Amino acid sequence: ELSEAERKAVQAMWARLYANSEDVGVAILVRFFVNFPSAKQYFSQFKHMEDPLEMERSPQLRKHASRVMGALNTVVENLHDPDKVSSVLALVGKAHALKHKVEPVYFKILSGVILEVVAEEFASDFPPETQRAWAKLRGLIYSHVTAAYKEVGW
């Protein structure tokens, strides 16, 4: 789990992100789909879309952006309550394993894009203590999502 200082570091960072949650979520996903075109295969309204301006304006992209940011928000705000973070990430993990059939490695890829976007957009607020805290959060997400895939015999 995150230590108290790490949790505080992650929540303070996340608050800055979430002040324009909508735009940050979308910028993250556009970068994800441009840089990893294979990930678009799970999205019916944009699986063959290439123009990043259209991706930015895509209703189904912006919707998934809103749901990624909201589920992340739930995890970050409730990091002091580890049963809640377990709860949320299971539900996500399973859902993506079973309904959406997404290869679990795409979570690792998306997290790397999330890191790249955070490092760019909020660099002057991203000291090493915070970078390390954020990296623990990423590990936490990937291990919990990865355990949920194993749980239903992926």
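Definition used throughout: the rigid core is the maximal C-alpha set that superposes within 1.5 Å between two forms. All residue numbers refer to positions in the sequence shown, first residue = 1.
- The stretch that strays farther, by root mean square C-alpha distance over structures and residues in 4 other deposited structures of this protein after a rigid core fit, is 120-128, when 120-128 is set against 29-37.
- For the pair 31-39 and 47-55, the record assigns the higher mean C-alpha temperature factor to 47-55.
- If you average the C-alpha B-factors over 95-103 and over 123-131, the higher value belongs to 123-131.
- As recorded in the PDB entry, 19 shows the highest C-alpha B-factor of the residues 19, 12, 140, 24.
- Among 115, 88, 69, 109, the highest C-alpha B-factor in the deposited entry belongs to 88.
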